[PDB]
Amino acid sequence: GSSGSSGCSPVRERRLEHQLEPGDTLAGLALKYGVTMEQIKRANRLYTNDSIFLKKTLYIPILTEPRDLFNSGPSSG
């Protein structure tokens with residue numbers, strides 16, 4: 001009766017560093033990935049008196065499901 005500690009906790013939601021450009025629009029990024037402007041903002045409380053451009057880089061919340069035609073596994077590049 002050998003019992004060990006098995007069971008990892010994989011992440012669900014992550015953030016991607018996007019080199020915000022001077023010619024980018026909130027509505028653009030939202031769709032560009034698959035989210036809603038609000039989400040992104042509320043996610044990084046970007047809501048400020050002045051345009052968001054004030055910043056330099058904005059992170060994007062990646063929403064993916066455990067449902068995939070084929071899963072590679074723990075294998076990493």
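Residue 34 in the authors' numbering sits at position 34 of the sequence shown, and the numbers go up by one each step. Quick reminder that beta carbons are idealized off the backbone N, C-alpha and C, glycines included.
Contiguous beta strand (DSSP E) elements confined to the region 7-65 occur at 13-18 and 58-63, taking only those with 3 or more residues. In terms of CA proximity to residue 17, 61 leads the group 48, 61 and 74.
Residue 26 sits close to residue 37, with the two beta carbons spaced by under 8 Å.
About 16 Å separates the beta carbons of residue 59 and residue 12, which is beyond the 8 Å limit, so they are not a contact pair. Rounded to the nearest whole angstrom, the C-alpha separation of residue 65 and residue 35 is 14 Å. Residue 22 and residue 4 have their C-alpha atoms some 53 Å from each other.
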